[PDB]
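To begin, one chain is listed below as structure tokens, in the form deposited in one PDB entry.
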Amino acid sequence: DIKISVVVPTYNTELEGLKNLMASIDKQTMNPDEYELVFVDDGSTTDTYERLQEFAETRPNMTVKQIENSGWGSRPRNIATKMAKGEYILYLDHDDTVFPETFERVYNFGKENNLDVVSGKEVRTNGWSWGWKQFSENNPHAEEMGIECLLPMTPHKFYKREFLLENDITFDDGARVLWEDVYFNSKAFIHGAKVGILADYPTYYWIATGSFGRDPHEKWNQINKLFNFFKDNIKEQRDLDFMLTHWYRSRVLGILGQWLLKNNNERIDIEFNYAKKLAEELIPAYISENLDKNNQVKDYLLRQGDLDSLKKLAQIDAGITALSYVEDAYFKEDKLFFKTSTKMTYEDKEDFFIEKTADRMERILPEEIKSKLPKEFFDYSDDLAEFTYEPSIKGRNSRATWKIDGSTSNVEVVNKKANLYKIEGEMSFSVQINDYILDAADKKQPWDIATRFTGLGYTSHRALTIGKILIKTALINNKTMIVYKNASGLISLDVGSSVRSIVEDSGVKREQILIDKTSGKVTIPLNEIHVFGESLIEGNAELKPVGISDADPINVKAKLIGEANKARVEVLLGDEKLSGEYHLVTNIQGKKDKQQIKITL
């Protein structure tokens, strides 16, 4: 009885990525006799198929099959699905990895709620978020929210196999199309799939590694295809209007902003006319009535054919952002506290302004463009209460991103001079690092802090920064922690000495080093460090006689102790016979200090 079948379409697969894929399957906590691997090679011209069979030699649950080159992964995915026999199917691409507890957590969640689709938290290499809104909390009855529950609509979810077969849900083979996973997930929801969102554990790592669509005529052929599919197949009004709104905003209106400043005039004219024709033919007017002000402006000028005004608006909007600065950062008890501030600016320089005229707060525009727009489309008066300001964290090893919960933030619209108003935010939050340590590997990792600011239609998710020097250490319940300004001026948090030495960053009270030569113990107290709870981290140290340049290191035991709000390194000389002056270098958790410690024995 197989719980999970992993479908992997391969073609000229990079072997190192394939090794990492197979490794992440083997590390699954689930019993290997409870899942199967179904590999279908899509006519790889390299030696991937022979390597795939080689992997299957020592794995009885792995099936490999060769097919004539299909061109994409839709054909091999369908073939593997028909020959799969597991209760749930994960479509895993040949260059991605799975987290070690995914199979168990996803299946238990799925079986307990009789789900047809488990949308588990997906992780990407780049960016400060992925599925920020959808992966916010676990939802076993996610389909009640509508078709939005399946976003982001990647195929890297777990689908009940019997549900796919029963409604004949397959990938578009013999049809090269764009966003085939949008089609796939839409058909699943159209057929009434019971959807569950598993948000408290990263399940899939979609890795960035580095042709179809590039061409503007092919791209807008696929876009007309996607929108017609929405209009022809989605029968729920709420679901149809969400998909129309979401894809009109992101892919159609999405070229009428900064995209205009990064393309040549030939491509702009070609894609602008496609967008105007698609808006008129497929997008009802009520769709834009529920868009933000700046998108309503873009939709109005698009349907007027006013590309020149859109190009001008893009120059005006170029650079609007919200960067956060650290106002204060310190450890308290078992947590790290932050106070941050931000304000809307151009490129983190001069303030971004809105302007008050009579009883309206208006976007600042030249008179030439305001006279072409409906009065309400540049009146922000009703949107001044919709700002959000939140902190987030990202593990530099795992690439997993999380919102930091419990934050307190406020955003004010402030009159700076005359009738000009700026937008200022202040926030305070704390990090409890255990909230984000889910696999053992997470305990030794650098973490990078960011902030997410939204308002007036703009989204700015950027790394937290600070100007002044910042290095602060903590020893909290056996966790070495170092918050610091990194080389890019951004805020990082080393936990477990993955990048920095806590002894080096804390300093040493060299005049307070104690040598008990009868007990053979050298006590090295740490200078500046926040100590909470009891800690004992075992490590080692190295002694070298001063002067003897090429002397062998004398390896000895050492342990970083946190006790009664103070920290120290105890070095144990053991059975070594020592006389004279020695260089002492501590090695806690793989990081050596640079404190130039010398002791006389």
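One rule holds for the numbers: they count along the sequence shown, beginning at 1. By rigid core we mean the largest C-alpha set that fits within 1.5 Å across both forms.
Remark: stretch with higher mean C-alpha B factor among 278-286 and 340-348 is 278-286. For the pair 289-297 and 495-503, the mean Cα B-factor is higher in 289-297. Listed residues 450, 329, 361, 438 were ranked by CA B-factor as deposited; 361 comes out on top.
Per the deposited coordinates, the residue with the largest Cα temperature factor out of 478, 245, 167, 486 is 167. Ranked by C-alpha B-factor against the other modelled residues of its chain, residue 535 falls in the lowest third. Sorting the modelled residues of the chain by their CA temperature factor places residue 104 in the middle third.
Residue 562 sits in the lowest third of its chain by CA B factor, as recorded in the PDB entry.
When the modelled residues of the chain are ordered by C-alpha B-factor, residue 21 sits in the middle third. Among all modelled residues in this chain, the alpha-carbon of residue 392 has a temperature factor (C-alpha) in the lowest third.
Note that the form deposited in another entry isn't included here; everything after this is about it.
The only C-alpha among 26, 563, 47, 33 that moves by 2 Å or more between the shown form and the other one, given a superposition on the rigid core, is that of 47. Core-superposed comparison between the shown form and the other one: the CA of residue 13 exceeds or equals a 2 Å shift.
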